[PDB]
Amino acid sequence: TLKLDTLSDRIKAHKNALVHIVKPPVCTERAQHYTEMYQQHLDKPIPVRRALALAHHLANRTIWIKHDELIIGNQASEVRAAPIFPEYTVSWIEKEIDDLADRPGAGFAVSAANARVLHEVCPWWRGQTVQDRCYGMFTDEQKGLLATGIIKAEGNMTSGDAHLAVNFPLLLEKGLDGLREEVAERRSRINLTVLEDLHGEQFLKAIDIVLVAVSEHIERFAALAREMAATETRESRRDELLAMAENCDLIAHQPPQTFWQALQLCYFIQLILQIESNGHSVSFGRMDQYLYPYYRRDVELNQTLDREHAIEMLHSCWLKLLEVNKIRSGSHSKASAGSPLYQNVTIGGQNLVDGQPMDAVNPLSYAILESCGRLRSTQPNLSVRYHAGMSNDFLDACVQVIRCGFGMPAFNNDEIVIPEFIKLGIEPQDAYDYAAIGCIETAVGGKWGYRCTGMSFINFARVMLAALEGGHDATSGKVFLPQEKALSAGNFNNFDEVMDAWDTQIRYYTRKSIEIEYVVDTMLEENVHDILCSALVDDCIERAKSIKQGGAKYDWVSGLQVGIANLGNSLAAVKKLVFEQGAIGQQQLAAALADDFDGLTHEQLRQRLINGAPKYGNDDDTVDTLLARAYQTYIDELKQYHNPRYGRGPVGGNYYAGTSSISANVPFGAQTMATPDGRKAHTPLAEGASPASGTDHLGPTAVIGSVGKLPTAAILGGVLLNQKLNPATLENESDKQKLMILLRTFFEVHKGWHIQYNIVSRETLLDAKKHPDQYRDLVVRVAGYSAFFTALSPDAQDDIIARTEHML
């Protein structure tokens, strides 16, 4: 039984201050400092240059302590300001600098002074950004493809990688000084007449520079806590500032001793990771595991910390996570509705103890789950690892928080992840220690490279349209892979030849997508080393190189395949109504597609495509297994490739499939013409691996049956299942045991990847669209993450409103 409605006035005030910043500012301090240090340290090796950049910026940037917070450390000069990261790109910044205030769902306030700084700073970076260096190396074919949008790698060319959890256990065990000794021991083995050691030494030096800077930065906050306390009238707050300054002094160097110390050190690293890099889905991993030793002592064993005060510490941290901000281009913002950072916290699961699995749920799991239920913030992205031996008590507490209406927790599934991770070659103890990263993707926190998911996007719908029409992409007018068969030519002899054309086209776009990733990953590898992040991932220090160079113990990545339901639904309709029945002719379908189903005749055809052929999500094998078979081609193609770190250190070095495409369904649909499932041109595609909205008519159990027929084991980037309920459907205990049995059957029987529940009423979302000043704290689940509804663009809002409402 959880108390999920109580918040301290400290937390309420802080939380309310954050939710009411609706046009957050842009901070340019980091952009200035990195430009200054790049210019003065042009002679240094890039990782050393980048280390000196971070050191300079930390020592000279604006720091502060606000809202009487118990966890300190600001990302930028102003509250919720987005720093600027010019080394990735300045292209969209120079184009959009005057027009940032009014981008729908992605508006930022650029002060006139900050506008002037950016106009001095940005021209220097031209030619030197990751994105420019990508275009300096792309072939013309690769450039053409990217220009269409059929393949996209915008999130990789304009941002740091992130999409991982660092080794928080190592950090807590050694402290910063013990990492320094680790680095020193490793440099003691450098032989400067060995080429690899010459390079390793430069990277190890950079790590040491950064560790020193982090130690000094924590001390800088300790000194700030003291100076503020000397002018703090309220006694109680002043004792807090003192204890924090005391705590900072310790964690600046030594392994933390108290739970409050351990959390602050973890947050410090979490924050500085997102100062040295704007990569998102920086994730905490299994915090209920590696923070439990401190919780057990402070809260249970020595009872020197009140469990209510511990929850108050967590709340302070969560609000700091909401403070983290990130600005994106106009285009990429549409694919990330709600300005998300995707900072994941994993709880639950199991532990491999002496070769025997054991439930990992503990009181900290409960206290974390409860702290999130009380706070109902979009950060952290709370993920529960389900397993068969997870208790009804804990699973009930989870549903109690699902009831609170902010979309959390979501569920990953040990019953699929651990067996498949072990199959890949991950050491079983490590596989049992996996975390959620960002949204639904999974990795072994602290031992894995970047991007378990987040590599290039392929628009499956547009590739399919091209396969039905001579390789012609109607959006761009290009034919990247010519083929003779086309509906407009009526020269398809049977549906098998349509599948051939799908197979042939998707084999082409997959190869080109890997070629493009090779360019981007390599430009990132050479230009934007993450020093702190590498330092905190096995085994970068020992190997003396960055994560992107092969430093991580494990390296597997996935891209995102967009338009899943649309691919299956479209093939199933042309298979049935064109080929199995002759009810619709090839030239007739093609004319309706080129026309966007215009006119009452084509509109009747369209409605026949919509309702006279089966749709993914109704437990109909004829469409579900056709979708799996279409996807299987892409999955098989992936097997012939290796990722760029292959053979350079990590286990694996391979690709697998992924469907966590966030809100890319909306802009990807915008550039997708009409499709044979009856979808109108420019309208959203389906999101994730969810059924197309309004096509799933046989209830949620039919949905999870369809989803289970995908090749989940090959889609280790994650199969995203959204689901929407009206609050009344979850009001009763028998409604609760209903949902619980549905979860366990999904995970234990269907081996499903993931589920998340939206509990919201169609009236609430309509009213909030009308009066946003009222629901500034209303949180809605989008695709893998939750967001503030009033902070979404109307386009993104209506996509949520258009989603199926299901009944248990």
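Heads up: residue numbers just count along the shown sequence, starting at 1.
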Worksheet, complete the sentence: Per the PDB entry, mean CA B-factor is higher for 596 to 604 or 341 to 349, namely for 596 to 604
Response to the item:
When mean C-alpha B-factors in the record are compared for 653 to 661 and 300 to 308, the larger belongs to 300 to 308
Discussion item. Take the CA temperature factors straight from the PDB entry and tell me which of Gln632, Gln723, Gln131, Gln75 peaks.
Written reply: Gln723
Fill in: From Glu415, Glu515, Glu687, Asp99, residue of greatest CA B-factor
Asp99
Practice prompt. Can you work out whether the C-alpha temperature factor of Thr158 puts it in the lowest, middle or highest third of the chain?
Written response: lowest
Fill in: Third assignment of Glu36 from its chain's C-alpha B-factors
middle
Discussion item. Splitting the chain's C-alpha B-factors into thirds, which one does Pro45 fall into?
Written reply: lowest
Item to complete: Using the B-factors in the PDB entry, rank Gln356's C-alpha atom against the chain and give the third, lowest, middle or highest.
Response: highest
Worksheet item: What third of the chain, by the recorded C-alpha B-factor, contains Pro727?
Response: highest
